[PDB]
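As structure tokens, one chain now follows by itself in the form deposited in one PDB entry.
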């Protein structure tokens, strides 16, 4: 069939000069408006197809799910112990190694707490610590990002590592620091080159600085894993994912095919931990920013929290069903924050058809989630913070199909169930006991965030006064 349209490619650079990597989301909007919902790009040697809108993304990830569940190979990951039976989950290639960790991560989380009141109470406990930390700032203006990252990170640590860390633990802080730095490494020109030419890694000079943060991250994590291997009580049912993983490694000794091995234990755990320390807290960072930028909405939320929960009892997942306005606000924060605009790259394993065009095997697929979350054809005021995007005239919460912050298909975020719970409990817990606002004498903060693979709100301070 006919391949997707797109800007005319240069001789060797291809379309590298037709894409503004400073604000790619905007550049792609222009391309979408110019060539359509499914267009092509030749980034150097990598053929790319961008998917815009719910339909294009869905036909690829759901309808053609089997053929689009693979990731682009990333040979550089070798530096972290990645191998055929050791791929973690996020960067894992479509196959048994992924499926085994995928199924394991999903079911273990569910067994450990997800969907039960135990996790809720654990989270609201961590929430209480978060509140107390906010209170230490008295009326003084501060940046909530660090405390949000620490509190959220403790929830995933509890699940994976069976413990939390004090907001000032050196190892905890270093772990969080390295995790955020390495999120800068995933976006480097050098990595692209070494990735195309695997052999170039034999030069210690290069290999030695390519993924230094991810390596530091894993190294720092090994120390924690080693202590855990020591405290673990195999005579009791696993308390966390690391123990569950460990018990599987026992059962799997002698099985060359099992992905439950030492190399993969640090990758899987680092996979879940890192993912959990940089997603939800960012959304929460957007949440608090939007709440000081729209005090009215913040009050409506507090009002609902008062009417349904009060200012005593700790929030509970059972409350959400009776808090449609707060649920709408949270969903809008996710929609507007648009924290993962271009999603995570996919790769076709077979030739497929999308919106009439043909997408050859091996094509790097880009799911433009931002275009689904800001689709002017679907949302009323896509470029505005508008809780009514998830509310009907009656005040009922409705979730449109264009709400794909987590993508779709067999590869969709496995942390969604955890994210849903964290956002509700942490958000209501914060607004239930605090009142946020822009610090007098300071300019209204921008609702425009700084572009990256993971989009954070622009730096800002706020005042948190008790209630």
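Residue numbers count along the first chain shown, from 1. So that the term is clear: the rigid core is the largest set of C-alpha atoms that superpose within 1.5 Å between two forms.
- For residue 18, the fraction of other compared entries lacking coordinates, among those that model flanking residues, reaches at least a third.
- Compared with other PDB entries of the same protein, residue 8 is missing from at least a third of those that resolve the residues around it.
- When the two stretches 35 to 43 and 395 to 403 are set side by side, the higher mean Cα temperature factor goes to 35 to 43.
- When the two stretches 117 to 125 and 373 to 381 are set side by side, the higher mean Cα temperature factor goes to 117 to 125.
- The residue among 130, 241, 197, 329 whose C-alpha atom has the highest B-factor in the PDB entry is 197.
- Of the candidates 63, 428, 442, 68, it is 442 whose Cα B-factor is highest according to the PDB record.
- When the modelled residues of the chain are ordered by their C-alpha B factor, residue 236 lands in the middle third.
- Per the PDB record, residue ranking by Cα B-factor puts residue 27 in the highest third of the chain.
- When the CA B factors of the chain's modelled residues are split into thirds, the value for residue 287 lands in the lowest one.
- Among all modelled residues in its chain, residue 209 ranks in the highest third by Cα B-factor.
- Among the modelled residues of its chain, residue 336 has a C-alpha B-factor that falls in the lowest third, as given in the PDB entry.
The form deposited in another entry exists for this protein as well; it is not shown, and the discussion that follows is about that form.
- When the two forms are overlaid on the rigid core, CA displacement between the shown form and the other one of 2 Å or more is confined, within 103, 191, 322, 384, to 191.
- In the core-superposed comparison between the shown form and the other one, residue 203 has its Cα shifted by at least 2 Å.
- With a cut-off of 2 Å and the rigid core superposed, residue 445 has a Cα displacement that falls short of the cut-off between the shown form and the other one.
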